[PDB]
**Q** 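What follows is a structure written as structure tokens; I'll ask about it next.
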Amino acid sequence: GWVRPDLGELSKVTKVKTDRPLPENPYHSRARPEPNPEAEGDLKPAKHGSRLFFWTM
Amino acid sequence: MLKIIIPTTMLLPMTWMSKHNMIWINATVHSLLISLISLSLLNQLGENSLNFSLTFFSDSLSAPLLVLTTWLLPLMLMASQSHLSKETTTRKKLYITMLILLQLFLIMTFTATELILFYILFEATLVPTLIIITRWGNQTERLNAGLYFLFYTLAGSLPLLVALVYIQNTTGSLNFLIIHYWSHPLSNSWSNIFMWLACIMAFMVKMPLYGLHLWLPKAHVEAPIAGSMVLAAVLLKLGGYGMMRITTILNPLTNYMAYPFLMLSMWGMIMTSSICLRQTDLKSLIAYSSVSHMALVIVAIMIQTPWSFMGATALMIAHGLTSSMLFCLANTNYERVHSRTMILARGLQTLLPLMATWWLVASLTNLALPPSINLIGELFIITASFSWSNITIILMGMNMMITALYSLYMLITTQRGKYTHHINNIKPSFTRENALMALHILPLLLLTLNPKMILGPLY
Ligand SMILES: CCCCCCCCCCCCCCCCC[C@@H](O)O[C@H](CO[C@H](O)CCCCCCCCCCCCCCC)COP(=O)(O)OCC[N+](C)(C)C
Ligand SMILES: CCCCCCCCCCCCCCCCC[C@@H](O)O[C@H](CO[C@H](O)CCCCCCCCCCCCCCC)COP(=O)(O)OCC[N+](C)(C)C
Ligand SMILES: CCCCCCCC/C=C\CCCCCCCC(=O)O[C@H](COC(=O)CCCCCCC/C=C/CCCCCCCC)COP(=O)(O)OCCN
């Protein structure tokens, strides 16, 4: 009683009912390094200007 | 300080918007008025300074130099009026522009609260002088002279810049007040020795130091009269002013490092005074006399005692005035005889008696006759040197004797004796020349009445 699969059926993406657990770390990665501080604030004018040599602004 | 800087800047559009035959009158009048305004900087304090702003400050060392700089421009214009007669209006305006730019740079240099700003203006003064020398000089050597006057200067000044920025990378500032208040001793190290040399050599070359004085005779001889006046009166004093400012960070290393320069100056004053005795050119003799006087000023600054500093300030002012007068007298002779050879035109007393009186008074002030400010500075420096070491008196007295000898030799050769027979184009002295001579000499004899105005901040 076997019916031959039609064109376009064996190439389908199907779902699998499995009871095997999903690997939590399949890549065996290390812990990612901590990011840079990402400072935030509200801008204020540069103190006493550019402070480059004799320039007062 | 802007109440002096802005009018000096306005001198330029006024010069360039003037009539073709009003440039000299307008320039002279407004430069005299600027001098009169600048005369009010002389009201100095016994305390710190006249700190106008973050950029400019005045001091009783800076104020006499500023007033002399402002006073020199009208005299330079009066001296230049004669030999620029046959030249186009645009070129005369350019010449006056060069003089005005030189005054502006000198004024900003002498106040210059910042050391880098001081360096920038102190090197910006180089360009107008070089253009004046190499454009409106007469002989073919002027170009060569200009080259010397350029490269010597830069050969000294390029290391200084490096040193300067290095200091600000360590101290954090180059403001003179902060430097003075936060000064610290220099340890005896090779790095500190080379920092000392980089700080000193730039100002030493423009005094000039005896071994480094080759550029001065060329530059002063080949320059026009205004160029010679500004070179001898103000530009030579930039080195002394810079040393007086910068020696505050060089202690106690100055005690050891001063010896070669002290020996060079003490022997070179004798050498240059002796050179003056055998000179066939008036301008070269006056230039070598300037070298001797600046050698004495170098000794005074290196000793770094209160009397040394007062004498050096007084001598700088007096030498500026006297050398400008001497160059003007030489140029009055030259514009008649066109030779600049001292032995050629002789016995000019019998033909120009008032000019002979001017020659006599100029020689007397160069000779350091008391109670002139020339002798005030001379004696203060000599006493400080005697306290430094009693053996300096031999060299100092020998220098005094040779100075008197060559001054009176210069007077006798040109004014006394018999007139040269074949020279018949010696015209009577103009009112312009006599006025120029009086405007040189009355300030000296009038400053001898109030010496504290030119004795500096340690008075
Ligand atoms: C032709 C023959 C002679 C005829 C004339 C006869 C008369 C001669 C008299 C004049 C000379 C004699 C000397 C006597 C001096 C008397 C006046 C003197 O005593 O006053 C001086 C005063 O004069 C000044 O001190 C000196 C003048 C300053 C000179 C400034 C130069 C002018 C600017 C020009 C540009 C600068 C070029 C140089 C740059 C450095 C000193 O006074 P002082 O005891 O102290 O205090 C003043 C009064 N107080 C007490 C109220 C304060
Ligand atoms: C030419 C016209 C004039 C131009 C300007 C002339 C002025 C420049 C003179 C330079 C000032 C002095 C330079 C060095 C002074 C240091 C003291 C030295 O002379 O004494 C001895 C120094 O010993 C020897 O000198 C070592 C160096 C030897 C090599 C130097 C070359 C000698 C002649 C070079 C002169 C050429 C000058 C021009 C170069 C282009 C003491 O030895 P020591 O107590 O243990 O070490 C002291 C230094 N410490 C403490 C920092 C460690
Ligand atoms: C009229 C012509 C004269 C030509 C110039 C004369 C002046 C020469 C002075 C030296 C020039 C450069 C000096 C450097 C400027 C100052 C900087 C400084 O002091 O820093 C020193 C650096 O010192 C140096 O590097 C000096 C090296 C000099 C190399 C060039 C030599 C030039 C000729 C040397 C012989 C002649 C010296 C005196 C000549 C006088 C003029 C005749 C220490 O800093 P650090 O090293 O970072 O700290 C120490 C711990 N690491």
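Sequence lines set the chain letters: A, B, ... in the order given, protein chains first and strands last, and positions in each chain run from 1. Counting convention: from 1, in listed order, for ligands and their atoms alike. Just so you know, these numbers use all the heavy atoms, side chains as well, and skip hydrogens, waters and symmetry mates.
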**Q** Is atom 43 (C) of ligand 3 less than 4.0 angstrom from at least one protein heavy atom?
**A**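 So far as the 4.0 Å threshold goes, atom 43 (C) of ligand 3 is in reach of a protein heavy atom.
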
**Q** Students often mix this up, so state it plainly: with edges at 30° and 60°, are the rings of B:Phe149 and B:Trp215 parallel, tilted or perpendicular?
**A**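 The arrangement is tilted - the two ring planes meet at 30° to 60°.
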
**Q** Are any non-hydrogen protein atoms located under 4.0 Å from atom 22 (C) of ligand 3?
**A**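 Neighbour list for atom 22 (C) of ligand 3 is empty of protein heavy atoms (cut-off 4.0 Å).
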
**Q** Protein heavy atoms near atom 8 (C) of ligand 3, is at least one of them under 4.0 angstrom away?
**A**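 Within 4.0 Å: no protein heavy atom nearby.
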
**Q** Return yes when B:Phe261 approaches ligand 2 closer than 4.0 angstrom through a heavy atom, no otherwise.
**A**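 Contact check B:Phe261 vs ligand 2: positive.
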
**Q** For atom 38 (C) of ligand 3, what is the closest protein heavy atom, and at what distance to 0.1 Å?
**A**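 Result: B:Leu197 CD1, 3.3 Å.
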
**Q** Under the 4.0 Å line, does any protein heavy atom show up next to atom 2 (C) of ligand 3?
**A**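 Protein heavy atoms within 4.0 Å of atom 2 (C) of ligand 3 - there is at least one.
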
**Q** Do the non-hydrogen side-chain atoms of B:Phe110 and B:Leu61 ever get within less than 4.5 Å of each other?
**A**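 When only atoms from C-beta onward are counted, B:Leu61 and B:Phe110 do not touch, as no gap falls below 4.5 Å.
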
**Q** What verdict does the side chain to side chain donor-acceptor pair (under 3.5 Å) test give for B:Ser273 and B:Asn399, after you've listed the backbone C-alpha separation in whole Å, the side-chain angles of each residue and the deciding distance to 0.1 Å?
**A** CA-CA 7 Å; B:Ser273 287; B:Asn399 190 61; 2.9 Å; yes

**Q** For atom 4 (C) of ligand 3, what is the nearest protein heavy atom, given as residue, atom name and distance?
**A**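 The closest one turns out to be B:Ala155 O, 3.0 Å.
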
**Q** In the protein, what heavy atom is nearest to atom 40 (C) of ligand 3, and what distance, to one decimal place, separates them?
**A**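 Looking only at protein heavy atoms, the one closest to atom 40 (C) of ligand 3 is B:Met201 SD, 3.8 Å.
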
**Q** What is the closest protein heavy atom to atom 15 (C) of ligand 3, and at what distance does it sit?
**A**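 Going by distance alone, atom 15 (C) of ligand 3 is nearest to B:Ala198 CB, 3.6 Å.
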
**Q** Pair B:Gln103, B:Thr70 - check side-chain contact (heavy atoms from CB on, under 4.5 Å), show working.
**A** CA-CA 7 Å; B:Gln103 183 178 2; B:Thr70 55; 3.4 Å; yes

**Q** Once you measure the plane-to-plane angle for B:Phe122 and B:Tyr119, does it fall in the parallel (<30°), tilted (30-60°) or perpendicular (>60°) bin?
**A**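 Judged by the thresholds at 30° and 60°, the geometry between B:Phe122 and B:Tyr119 is tilted.
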
**Q** I need the nearest protein heavy-atom contact for atom 46 (O) of ligand 3: residue, atom name and distance, please.
**A**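 Ranked first by proximity to atom 46 (O) of ligand 3 is B:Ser191 OG, 4.2 Å.
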
**Q** Is there a side chain to side chain donor-acceptor pair (under 3.5 Å) between B:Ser292 and B:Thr272 once you walk through the steps?
**A** CA-CA 6 Å; B:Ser292 300; B:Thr272 46; 2.6 Å; yes

**Q** Please tabulate, one line per pair, the protein N or O atoms found under 3.5 Å from any N or O atom of ligand 1, giving the distance to one decimal.
**A**
| from | atom 1 | to | atom 2 | distance (Å) |
| --- | --- | --- | --- | --- |
| ligand 1 | 25 (O) | B:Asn450 | ND2 | 3.1 |

**Q** Which one holds for B:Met195 and ligand 3: side chain close, backbone close, both close, or neither close, with close meaning a heavy atom under 4.0 Å?
**A**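 Both the backbone and the side chain of B:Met195 come within reach of ligand 3.
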
**Q** Could you list the atoms of ligand 2 found under 4.0 angstrom from a heavy atom of B:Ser189?
**A**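 Counting from 1, the qualifying ligand atoms are 51 (C).
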
**Q** Test side-chain contact (heavy atoms from CB on, under 4.5 Å) on B:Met400 and B:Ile382; report intermediate values, then the result.
**A** CA-CA 11 Å; B:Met400 290 199 313; B:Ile382 279 170; 4.0 Å; yes

**Q** Rounded to the nearest 0.5 Å, what's the gap from CG on B:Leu65 to NZ on B:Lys237? Could you check?
**A**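 It comes to 8.0 Å.
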
**Q** Just how far is it from atom CG of B:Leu436 to atom CD of B:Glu433, taken to the nearest 0.5 Å?
**A**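 Reported value, rounded in 0.5 Å steps: 8.5 Å.
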
**Q** Are any non-hydrogen protein atoms located under 4.0 Å from atom 36 (C) of ligand 3?
**A**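 Within 4.0 Å of atom 36 (C) of ligand 3, no protein heavy atoms are found.
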
**Q** Under the criterion side chain to side chain donor-acceptor pair (under 3.5 Å), I'd like the reasoning laid out for B:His293 against B:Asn366: C-alpha separation, chi angles, the key distance, then a yes or no.
**A** CA-CA 10 Å; B:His293 295 311; B:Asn366 190 52; 3.1 Å; yes

**Q** Might you point out which heavy atoms bring B:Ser284 and B:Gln279 nearest each other, and give the distance in Å?
**A**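 Closest approach of B:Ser284 to B:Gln279, heavy atoms only: CB-OE1, 3.1 Å.
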
**Q** Before giving the answer on side-chain contact (heavy atoms from CB on, under 4.5 Å), spell out for B:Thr247 and B:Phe309 the whole-Å C-alpha distance, their side-chain angles and the decisive distance to 0.1 Å.
**A** CA-CA 12 Å; B:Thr247 46; B:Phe309 271 37; 4.2 Å; yes

**Q** Evaluate the ring planes of B:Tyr95 and B:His83, with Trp represented by its six-membered ring, and classify them as parallel (under 30°), tilted (30 to 60°) or perpendicular (over 60°).
**A**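 B:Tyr95 and B:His83: perpendicular rings.
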
**Q** Select one of side chain, backbone, both or neither to describe which atoms of B:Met257 lie under 4.0 Å from any atom of ligand 2, heavy atoms only.
**A**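 B:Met257 to ligand 2: side-chain contact only, backbone stays beyond 4.0 Å.
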
**Q** Which pair of non-hydrogen atoms, one from B:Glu222 and one from B:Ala145, has the smallest distance, and what is that distance?
**A**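 Closest pair (atom of B:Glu222, atom of B:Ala145, distance): CG-CB, 3.7 Å.
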
**Q** Quick one: nearest non-hydrogen protein atom to atom 12 (C) of ligand 3, plus distance?
**A**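 Its nearest protein heavy-atom neighbour is B:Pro159 CB, 4.3 Å.
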
**Q** Measure from NZ or CZ of B:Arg245 to the centre of the six-membered ring of B:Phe118 and say whether it is under 6.0 Å with the direction within 45° of the ring axis.
**A**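 Geometry flag: not set, cation outside 6.0 Å or 45°.
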
**Q** If you have a sec, work out which protein heavy atom is nearest atom 34 (C) of ligand 3 and how many Å separate them, to one decimal?
**A**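 Residue, atom and distance for the closest contact: B:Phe194 CE2, 4.2 Å.
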
**Q** What atoms of ligand 2 come closer than 4.0 angstrom to any heavy atom of B:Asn188?
**A**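 Taking each heavy atom of B:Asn188 in turn, ligand 2 has 49 (N), 50 (C), 51 (C) under 4.0 Å.
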
**Q** Does the protein place a non-hydrogen atom closer than 4.0 angstrom to atom 25 (O) of ligand 3?
**A**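 Given the 4.0 Å cut-off, atom 25 (O) of ligand 3 does not count as touching protein heavy atoms.
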
**Q** Apply side-chain contact (heavy atoms from CB on, under 4.5 Å) to the pair B:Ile120 and A:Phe54, showing each step before the final yes or no.
**A** CA-CA 11 Å; B:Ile120 284 180; A:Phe54 48 82; 3.6 Å; yes

**Q** Which protein non-hydrogen atom lies closest to atom 47 (O) of ligand 3, naming both residue and atom, and how far is it?
**A**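 Checked against all protein heavy atoms, atom 47 (O) of ligand 3 sits closest to B:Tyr166 CE1, 4.2 Å.
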
**Q** Is any heavy atom of the protein nearer than 4.0 Å to atom 49 (C) of ligand 3?
**A**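 It does: a protein heavy atom is found less than 4.0 Å away from atom 49 (C) of ligand 3.
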
